[PDB]
Amino acid sequence: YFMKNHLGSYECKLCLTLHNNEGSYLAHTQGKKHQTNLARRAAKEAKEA
Amino acid sequence: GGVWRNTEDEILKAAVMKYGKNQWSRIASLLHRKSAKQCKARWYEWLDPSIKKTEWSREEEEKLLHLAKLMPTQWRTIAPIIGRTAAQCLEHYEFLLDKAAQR
Amino acid sequence: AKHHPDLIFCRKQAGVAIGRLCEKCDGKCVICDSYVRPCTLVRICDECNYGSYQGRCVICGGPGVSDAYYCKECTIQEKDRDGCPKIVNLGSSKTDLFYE
Amino acid sequence: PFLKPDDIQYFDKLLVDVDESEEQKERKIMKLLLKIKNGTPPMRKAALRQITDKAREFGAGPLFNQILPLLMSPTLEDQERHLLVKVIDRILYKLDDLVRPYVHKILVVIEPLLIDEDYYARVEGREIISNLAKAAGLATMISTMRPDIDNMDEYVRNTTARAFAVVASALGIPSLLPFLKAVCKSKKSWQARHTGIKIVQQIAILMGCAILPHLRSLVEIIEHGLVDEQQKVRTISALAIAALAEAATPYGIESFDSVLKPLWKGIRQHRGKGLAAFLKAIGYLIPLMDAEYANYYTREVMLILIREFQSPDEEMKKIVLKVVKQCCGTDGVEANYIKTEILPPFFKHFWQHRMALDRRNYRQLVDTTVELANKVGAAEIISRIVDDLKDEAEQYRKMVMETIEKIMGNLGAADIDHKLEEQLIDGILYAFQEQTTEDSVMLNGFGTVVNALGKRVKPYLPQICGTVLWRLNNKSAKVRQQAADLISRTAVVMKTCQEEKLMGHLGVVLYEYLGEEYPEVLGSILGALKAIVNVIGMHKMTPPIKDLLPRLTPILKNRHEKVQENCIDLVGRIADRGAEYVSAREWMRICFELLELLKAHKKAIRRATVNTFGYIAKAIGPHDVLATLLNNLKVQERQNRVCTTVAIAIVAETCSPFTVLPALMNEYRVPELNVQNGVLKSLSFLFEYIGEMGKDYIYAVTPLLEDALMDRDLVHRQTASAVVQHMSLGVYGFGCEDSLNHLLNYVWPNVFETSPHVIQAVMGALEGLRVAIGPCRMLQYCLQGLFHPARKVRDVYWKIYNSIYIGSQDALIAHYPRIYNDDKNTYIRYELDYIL
Amino acid sequence: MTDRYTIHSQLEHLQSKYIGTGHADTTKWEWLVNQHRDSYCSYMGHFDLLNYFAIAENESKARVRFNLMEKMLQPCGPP
Amino acid sequence: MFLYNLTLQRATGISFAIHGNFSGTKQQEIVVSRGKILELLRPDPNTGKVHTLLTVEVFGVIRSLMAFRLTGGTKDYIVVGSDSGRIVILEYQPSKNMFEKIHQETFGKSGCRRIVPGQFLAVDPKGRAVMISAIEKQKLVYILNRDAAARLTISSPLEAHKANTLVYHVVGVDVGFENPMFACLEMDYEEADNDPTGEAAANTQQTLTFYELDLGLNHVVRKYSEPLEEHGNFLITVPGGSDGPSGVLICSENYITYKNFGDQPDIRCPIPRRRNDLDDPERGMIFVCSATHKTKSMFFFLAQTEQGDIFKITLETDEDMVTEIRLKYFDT
Amino acid sequence: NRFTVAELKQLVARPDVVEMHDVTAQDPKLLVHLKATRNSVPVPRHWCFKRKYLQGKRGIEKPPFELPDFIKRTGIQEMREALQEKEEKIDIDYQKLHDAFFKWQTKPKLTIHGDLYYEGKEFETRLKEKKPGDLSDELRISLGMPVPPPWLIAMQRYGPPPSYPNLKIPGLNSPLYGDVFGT
Amino acid sequence: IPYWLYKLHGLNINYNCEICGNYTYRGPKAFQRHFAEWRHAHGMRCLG
Amino acid sequence: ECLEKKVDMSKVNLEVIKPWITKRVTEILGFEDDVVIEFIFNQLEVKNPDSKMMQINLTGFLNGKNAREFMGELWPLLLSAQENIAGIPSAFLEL
RNA sequence: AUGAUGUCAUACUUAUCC
């Protein structure tokens, strides 16, 4: 989910938010639980567990 | 400086766990906020895994009270002997023991 | 304007007194606050230019030297046919700067 | 943030740590005041807002209860005072009906602001009392402030009078008239009438020119006090007439009419201050009379005016001074009579070292003397005051110096004879050679004298410039800058008379000082060079530009506010005018040095900078230099960038943008956002400067605006919208409207937001789009939104529809659709359906 | 005669001074009457539109002008 | 498809026409006002033909055309009221054959709006000031004064607006070098817009208000005002001062009432009709236009009705008041 | 005092444009007449939203912008990229830029007068209605048939489609050139 | 219990579509989508 | 209320209204002042005065209860003076 | 899966200003 910006910043793809510094994107790993919201996309991609 | 935010503290703990302990220049090139000496001081003060940040008891208070009179200065010498080893919790405990016993 | 958003204009009746601009605010427009395309001169109100209030700048309010003019973008947008834009109020500007 | 040892008394309740258990918690949380008073500037800001939005919540009672003690504090600062004034304003923009009980309780502290040594304090005070009176009701103010009229102390009476002046400016004269007119006829005691009359005066000063309509009624009020048995009432009365007439611009003479005949009579019989006051009134009156009636009446006033020159009273001397201005500055007065009767006593008693040391007396004296010169002529006045240029004291020399300055400014030097002119030039040099302080008066004085003398000054040059060089050493810190500026202003005179040796002198001599380490000097030096460039041309420069310009180039590091200014200016003049003398390499180095001059805290520096950058852009050509602009890191958010943007604009003008655009439009690709919005701004200013030529490039910019206006982040929509605006004004009438409609589609959703800059941006946008597209299409987007009872859509679409409505209201007629008629009303306009 | 209604001022804001601008709380009948008054003023101002309106009807120009001036006040009735 | 519009025949219909010494000589010119062009006509006194001296396109809809001249002058100016938001004072030059704009001051926005002045424009007979007002809620009066080099100069205009008031027609009062007054037909529509029952709409007649401009105070104020019996369409300025008594004649439907200000009583006279008229009796009769012929001996007026009946209007007067209005049908 | 939506839709001649917020207006008849005009445009969709029409594109990181072919065919982008790489001059031509600005000028894709900007306006790249008998190039490439598309061989057997009954496709009842094999 | 989510989404709202076989809807948007649906069109076609 | 009927001070006297207004001001404000007499003189100086503006000026001058009664007593005496052909109130015919 | 509010950094604008 870590993506680099064009001005020397980071941007979260899964959280769909901006990160001011390198520590901001590194603190949206334990937080910004967009990984738990991917269960709907995983169930839509595969109907079985 | 040195505000020591939580997102910087987690990055410093990850850099200490990944890179190493005796490499302070390698850990300071991934934070963009502090120098290598400040990162080593933070790792030895608050980010150390052996630091007892809680559980202040009466045995440690009696050990620190029976040590501040034998040596009035040099609180850094009594940091690892008392068992706190944070170099600032000893002065804070001494200030708390001096303020609570004054009333 | 873009520098002072809390400033209010006079918008009084237009007289025959031609407006002027200070040496520190020379070339700046009154409405558009630009530096290019001057098309129409600035006219001041009758009460806004009387005695010691004559020969003063409209925007800066200091000692006016050259005559002020309006921008062509404000002239084509009919923003110059309004009242006299004399700066009457002065808030949140040049107040704490006098203390330092 | 910390508590001063005294402020404890106020803030003690905050000290105790008991917490978390109604009103007591509102007073307790209201200590945010303390955060406003003392603390860091950010704490003051955030605190200030937080208390603004809590106004309606806490109510005026608790606030003022917890404030007025502080603003009443004996130890109060300057700043702290001003800040509490700010919070009182900001909370009084909201609270309206609430303040009614506290109005007096406010004014008591505030009225001392009206009488103060600080000016800004006074304009603030008048402002907040305006907001209070207008905020409260008229009857609230009136019924409030009566008992202060008869109060024993005159202080409260006075400051209260100025209060009524402010509130009367708020709610208008006619509303408050019957109150006053009732007051001045009060038969109880005189003090009241004294107050009310003072109120008439302070209304005269405050309202000033705008008194005009009610002047008659006002006079009809005040007239009855002139004959009163008490003295004060008479004095202050006639004074108020004075203030009236002085705000009474050449008209309403007959309104003062019935007032005269007593006044003139009083002029005979009075001793002391009241007399002088009458002289003040009559003085301001006379310019308003007819030169025939005022002939007689004037000739009567002149006698007493003469006799009364000699009084030690300084009030006296002020009055009779300004009088002499108005009486003797009358077109209907004869010169010779003044020359004989007046001038000798005038220069005898009035010109002395008591006057000049004072401020007002200084100025007014200057003016009066100037006007006497305006009548009797030049050589007289000057000829009598020249000998005083050589007098010891400064301030006196300064006085006669500025007097000579204004005189020779108006009348012209042609009247002056020869010998007196020798005494002139020698006087001016001599006075100029001793300067205790740095000031313009001596300099502007000299310059005006010389430029007025024209080439009659030529025999005097070598003495001048000899002094100019020798002084040009003496002391660099103090006098270098001053002698330099002297050169700067004397340039043209040292030119037109064709003394070339002198231009050699100043050229290389000044050239040598460019290594001076003191900035405040060096600046004046560069200025002098500038002025020398504007007289002698490029190819004739005695320090050929090949020498000069690269010698200038390194100086740009100098930080200094005056060096940078004059320097950049001169680099501008030479870079604009000749520009061939210097090879391109030097130029591009100048560029890479100019780039960081945009850190300037001053706006004029950036001004000259950008214009220069355009000039050298012409000297070289676009591509390289616009690339060097696009190099920019954007690093500073608060401006420091958009000036480079302006350079991109002007550069795009200096040679056709018809070349430049593809580079820019490509440079929007870069993922770095702030430079993306940067190039958006570049388009904005670009179209603002190009105007008509955008009839083509509209298409090129159209899809990119599509990408930008489609929102990554608000600044995109904003800036892009501004681009749509300036494009929309620029292209008008040339037939490109279609694509502008397409762009209007993507503009249209952005209508809704609370962010001030984007909403005002969008407003400008849709206004320009209004004029370009024509109203019909606008209105066709604005119809359905009107109706909407939802507390948002109607607010906005009605704001828009108003913007569309004010302008072009004439052309809207055709486009109002057909709306069917209901029961009680006929909503069809049948006129349009009349068919031949 | 306590009225407790002094529409004087507040903080030198709003205070509508123009005619025909309208507000967000403007009713439909007031806006329709303002649009009808603006249409009557535009018919009275434009000479070609007044000539085209008077050429169709059998009335004169001054009579139609007086009829349009007389119908300006209270065109609908209920605001 | 880029087209180019060109004019082959100019517009011959005249919307306004003034007469006076526009050329500055003894011959009088005829300043005609077309739709989108200004025209200056000069009738030949010997040949009896009217020749077009000048024809310039103003590129706009001119809504008012009046002429004025200062005291002691020898040339009449040309005040032109158009659809733009600026008032233009023109002065024709016979040596250059072109109309030179003397002064041009902007007052509002462009377009034929109800709040935009330019529909009505009245000039003082003494040439001291000019008054330009809109159809409703806008009125401005600018002062005209000669300079030291005999150049016409304008001063700052005086605002005289009145909310919810409609102006039918305005005309300056002929004063003998005193304070100039501007009489106009006013109609307050504030009561009719706040009554859904329609009772306030009825019984609301026009009010003739005379606003005087105080020259000593540099401000205009509504000095005199009086309601009328019926609605009026146009006014007729009667010359006063040394030549005749002051006052104005208000034209109305089937009636004419000249009512001067002060203690002068209102004298009304019904409009005479043709004998055995084939038209409908329910239709009224009003005036279409009016001309004024002023001489040193006496003065007369010529007003045409709705049927084109040009009547010679004459007014008998006493030493200080008016006695009766004697009208006679001149021709058809 | 306020009519319902069904009564406002039954009274209006064009009830396909009435909304739920139009009943709360002061005059629904005039709003329904103005909303059913010929060349009228609707209001934006941010009248009821709370995102102020600019806060919805938070995590979307697409291409900031794209240069046209007339600027890309001049070589200024590569020179600017080389200058940025050197900083982190060219002087190619002066008449080629004028030729790309005048002769090699490409007209951009404009929009209609009613084509207002939507909220997203990037994921709804709708285009007419490419129906039965008409397909795009590339999908021809995946299909790989040289110049009927071969499942209109099975539109022989199984019958004309229920979904598009009016159908004609080449060679069957429709007696075809280039791409388009049915109408 | 998502009370605030069901209140913001528009749940527990009284609505009924008599054209769609006299069915009930828990929201206004659900009532608007149920009026133009497969069951509503089938009932309209069966009614004639 | 009682301040809705249009009146005119030109058809009524001014010397007969000073004692009743003085008694009303002495009853309301307790003592005799010079600002209230001046306000009462300024309120009757115009030929067409305003009853609502005078009530606002005297509606809050006292407390908001005696001023309403003073305005209601001054409007009825002025109405009785303007309705009479002489131009005097009812309290001046007896004495 | 938007939205809600709130502690808390981070960028941006106002040609903001000694």
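For this deposited structure, the header notes the method as electron microscopy, 7.8 Å.
Any Cβ shown, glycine's included, is placed from N, Cα and C.
What Swiss-Prot says about this protein:
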REGION    F:105-119  region 'Interaction with PHF5A, SF3B1 and SF3B5'
REGION    F:145-168  region 'Interaction with PHF5A, SF3B1 and SF3B5'
MOD_RES   F:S156  phosphoserine
REGION    F:193-231  region 'Interaction with SF3B1 and SF3B5'
SITE      F:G284  site 'Interaction with SF3B5'
SITE      F:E306  site 'Interaction with SF3B5'
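Outside the region 'Interaction with SF3B1 and SF3B5' (F:193-231), and at least 6 residues removed from its termini, the chain residues within Cβ reach (under 8 Å) are 128-129, 131, 139, 141, 143, 158, 160, 162, 164, 168, 173, 179-187, 250, 252-253, 255, 257, 259, 261, 268. Neighbour density for the residue listed as 'phosphoserine': within 10 A of its CB lie 18 other CB atoms from the protein chains shown. Put plainly, the recorded sites F:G284, F:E306 were compared by Cβ crowding within 10 Å, and the winner is F:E306. Taking Cβ pairs closer than 8 Å, the region 'Interaction with PHF5A, SF3B1 and SF3B5' (F:105-119) reaches residues 61, 63-64, 81-87, 132-140, 142, 154, 157 in its own chain, all 6 or more past its ends. Each of the recorded positions F:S156, F:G284, F:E306 was checked for a CB under 8 angstroms from a CB of chain C; the ones meeting this are F:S156. Each residue contributes its Cα atom, and for F:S156 (phosphoserine) and F:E306 (site 'Interaction with SF3B5') those atoms are 40 Å apart. Applying an under-8 Å Cβ distance to chain I, the recorded positions F:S156, F:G284, F:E306 reduce to an empty list. F:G284 (site 'Interaction with SF3B5') and F:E306 (site 'Interaction with SF3B5') are 9 Å apart (CA-CA, integer value). Classification of F:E306 (site 'Interaction with SF3B5') by DSSP places it in coil, neither helical nor stranded. As a summary of secondary structure, the region 'Interaction with PHF5A, SF3B1 and SF3B5' (F:145-168) carries 0 helix, 11 strand, 13 coil according to DSSP. When the region 'Interaction with SF3B1 and SF3B5' (F:193-231) is classified with DSSP, helix, strand and coil residues number 2 helix, 17 strand, 20 coil.
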